[PDB]
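Quick reminder, even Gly has a Cβ in these numbers, built from the backbone with ideal geometry, and neighbours come from all protein chains shown. Basis: the model, the stated rules and, where named, an outside source; none is laboratory data.
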Amino acid sequence: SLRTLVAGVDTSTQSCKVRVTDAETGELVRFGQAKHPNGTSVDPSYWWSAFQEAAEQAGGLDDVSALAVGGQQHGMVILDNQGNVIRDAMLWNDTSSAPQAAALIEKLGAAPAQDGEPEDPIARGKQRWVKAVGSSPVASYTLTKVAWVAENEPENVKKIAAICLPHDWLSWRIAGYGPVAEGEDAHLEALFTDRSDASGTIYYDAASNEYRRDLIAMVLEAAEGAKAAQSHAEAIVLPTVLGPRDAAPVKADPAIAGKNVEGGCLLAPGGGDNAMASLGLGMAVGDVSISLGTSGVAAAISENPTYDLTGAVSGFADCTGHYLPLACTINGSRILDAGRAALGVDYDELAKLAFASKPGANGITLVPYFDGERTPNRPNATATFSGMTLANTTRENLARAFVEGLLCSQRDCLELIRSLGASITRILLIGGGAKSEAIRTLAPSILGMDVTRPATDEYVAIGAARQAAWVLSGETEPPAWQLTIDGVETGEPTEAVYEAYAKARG
Ligand SMILES: [Mg+2]
């Protein structure tokens with residue numbers, strides 16, 4: 001206890017991780033982890049139980065001075081007057097609320113075009129959402145879940161006394177709050193959040209630090225009538241949005257953390273997983289990370305708010321008081337799976353093939369919108385091979401086109417983010433795709449820069465610990481922790497590859 005410890009909690013869809021860490025160095029001291037049930041909806045009771053089991057495995061938190069929770073984004077947790085969870089949390093990957101996301105767009109776009117606005121009501125609705133709160137509705141977003149509940153479960157929507165996100169709710173439970181008996185104080189107002197998670201609700205505007213309670217009323221109207229919906233949306237407790245390095249007004253309950261340290265365990269604001277990982281990776285303004293799993297996520301840190309009027313790039317906030325333009329791609333590594341099926345080869349086979357080719361694949365371009373794309377915003381799109389010729393239509397060139405297509409899409413994302421006014425001056429490559437020799441080899445060439453490969457690690461848990469250490473220290477800058485790098489990929493830029501891709505995708 002002479003040594004100052006913090007704890008970074010990572011409550012993700014799949015599990016809870018607890019990383020007890022050295023406040024000064026970021027060094028791992030203890031670790032623990034527990035599983036969540038599968039499903040795109042879930043009883044938060046399982047998140048509490050997983051946290052408890054994870055923390056116990058990590059040797060408890062009695063010696064911990066500050067704690068932060070990084071959480072899966074968007075998940076809707078609704079509480080009644082008594083602090084009870086009303087119905088299952090609906091998560092980022094629930095698609096139940098898809099109709100509501102569509103309807104929200106039509107509803108905001110309905111009013112006639114104003115000076116400069118698109119004539120198409122859909123394009124116009126998308127643009128109005130982006131300007132209002134940073135992002136155009138998709139099923140992931142919290143507001144769409146609340147909408148769905150109003151439409152499908154009116155008795156439940158009318159009981160809502162508070163709405164919060166997974167990291168918010170876990171933090172509140174850690175502070176020792178929870179369900180109370182009738183006529184007891186639930187302390188719902190003790191709820192707090194940060195800018196990064198709140199920016200994922202589409203009822204919060206980070207630029208102005210304002211909850212848009214009118215957008216909540218808008219979805220409650222279906223169950224309650226207009227004025228009643230207005231009254232409800234005003235009455236609902238929403239978490240206090242804390243600054244990036246503010247301690248919460250409440251500390252951890254001593255039975256949970258800090259009983260053996262001076263001042264107990266303070267609570268840092270916490271945050272959404274993408275932004276927390278970025279903090280953990282030590283990312284600052286100008287950095288982008290590409291997380292390449294079967295699908296992709298390109299997230300850059302932006303000094304100023306970012307507005308993709310198209311509704312492809314999300315306008316989230318990061319965990320340093322700044323901005324997190326976030327570009328999801330449906331097609332990441334899965335493109336390479338397509339390649340294997342198409343050519344009847346395995347991974348190495350595909351790579352050997354592709355390297356046998358040349359940059360540009362002798363003219364063949366793949367626009368890999370298998371099953372559409374999130375970025376650019378083209379839901380009903382399909383993938384397209386172009387530039388084919390008798391001479392060039394071969395397994396080698398096709399192989400190379402599959403790889404170049406994967407990378408070109410990610411570049412396309414970087415260019416779109418740049419177009420929103422956010423400079424990108426360094427690239428980090430993480431996720432499973434990062435171990436792919438072909439992706440790893442061709443990335444610098446087609447992305448157009450060095451590609452840094454941070455060592456695989458618990459970036460969310462590390463980011464949460466870094467934020468708790470930041471708050472605990474009271475200093476203006478976050479803890480300068482050592483970052484481990486696996487390697488840096490360098491390669492001469494080949495602009496013609498992406499230039500051909502851009503033509504093809506249109
Ligand atoms: Mg509060």
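Per-structure values
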read-out: Qualifying residue in region 140-153 (condition: more than 20 Å from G71 (Cβ to Cβ), away from the ligand (no atom under 15 Å from the Cβ) and out of contact with any helix residue (DSSP H, G or I) (no Cβ under 6 Å at 6 or more places or on another chain)); value: yes
read-out: Search result, residues across region 174-216 that are free of Cβ contacts under 8 Å to residues at least 60 places away in the same chain and touching a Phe, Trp or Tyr at 6+ places or on another chain (Cβ under 8 Å); value: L191, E210, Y211, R213
read-out: So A469, is it under 28 Å from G321 (Cα atoms), in contact with a strand residue (DSSP E or B) (Cβ under 6 Å, 6 or more places away or on another chain) and outside the structural domain of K251 (by CATH); value: yes
read-out: Filter result (surrounded by 21 or more Cβ atoms within 10 Å (Cβ to Cβ) and in a loop (DSSP other than H, G, I, E, B)) within region 92-104; value: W92, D94, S97
read-out: Filter result for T494 (among the hydroxyl-bearing types (S, T, Y) and surrounded by fewer than 17 Cβ atoms within 10 Å (Cβ to Cβ)); value: no
read-out: Test: residue in region 482-499 that is part of a helix (DSSP H, G or I), touching a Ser or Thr at 6+ places or on another chain (Cβ under 7 Å), assigned by CATH to the domain that holds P359 and of a type outside the set (V, I, T); value: no
read-out: Single residue of region 119-154 satisfying the filter (part of a loop (DSSP other than H, G, I, E, B) and touching a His at 6+ places or on another chain (Cβ under 8 Å)) that is surrounded by the fewest Cβ atoms within 10 Å (Cβ to Cβ); value: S140
read-out: Residue selected from region 182-199 under the condition within 14 Å of the ligand (Cβ to nearest atom) and either more than 25 Å from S136 (Cα to Cα) or among the hydroxyl-bearing types (S, T, Y) (or both), by the criterion surrounded by the fewest Cβ atoms within 10 Å (Cβ to Cβ); value: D185
read-out: Selection count, region 333-382, where residues are farther than 19 Å from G431 by Cβ and in contact with a strand residue (DSSP E or B) (Cβ under 7 Å, 6 or more places away or on another chain); value: 7
read-out: Count of residues meeting criterion [within 10 Å of the ligand (Cβ to nearest atom) and of a type in the set (F, W, Y)] in region 168-181; value: 1
read-out: Condition check for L281: surrounded by fewer than 24 Cβ atoms within 10 Å (Cβ to Cβ) and either touching a helix residue (DSSP H, G or I) at 6+ places or on another chain (Cβ under 9 Å) or of a type in the set (S, T, Y) (or both); value: yes
read-out: Wholly within region 200-311, helices (runs of 4 or more DSSP H) carrying at least 1 residues that are away from the ligand (no atom under 16 Å from the Cβ) and closer than 27 Å to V20 by Cα; value: 273-280
read-out: Considering residues of region 417-448 that are crowded, with 18+ Cβ neighbours inside 10 Å and either part of a strand (DSSP E or B) or free of Cβ contacts under 8 Å to residues at least 40 places away in the same chain (or both) only, the residue nearest to the chain's Cα centre (by Cα); value: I430
read-out: Positions within region 27-48 being in a helix (DSSP H, G or I) and either out of contact with any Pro (no Cβ under 7 Å at 6 or more places or on another chain) or not hydrophobic (A, V, I, L, M, F, W, C) (or both), in sequence order; value: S45, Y46, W48
read-out: Options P269, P239: the member that is in the same structural domain as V85 (by CATH), surrounded by 21 or more Cβ atoms within 10 Å (Cβ to Cβ), touching a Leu at 6+ places or on another chain (Cβ under 6 Å) and under 24 Å from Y459 (Cα atoms); value: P269
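A quick yes/no check of all residues on (1) among the β-branched types (V, I, T); (2) in contact (Cβ under 8 Å) with a residue 24 or more places away in the chain; (3) touching a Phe, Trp or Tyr at 6+ places or on another chain (Cβ under 6 Å); (4) surrounded by fewer than 18 Cβ atoms within 10 Å (Cβ to Cβ):
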{"site": "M218", "(1), (2), (3), (4)": "no, yes, no, no"}
{"site": "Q230", "(1), (2), (3), (4)": "no, no, no, no"}
{"site": "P244", "(1), (2), (3), (4)": "no, yes, no, no"}
{"site": "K251", "(1), (2), (3), (4)": "no, yes, no, no"}
{"site": "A255", "(1), (2), (3), (4)": "no, yes, no, yes"}
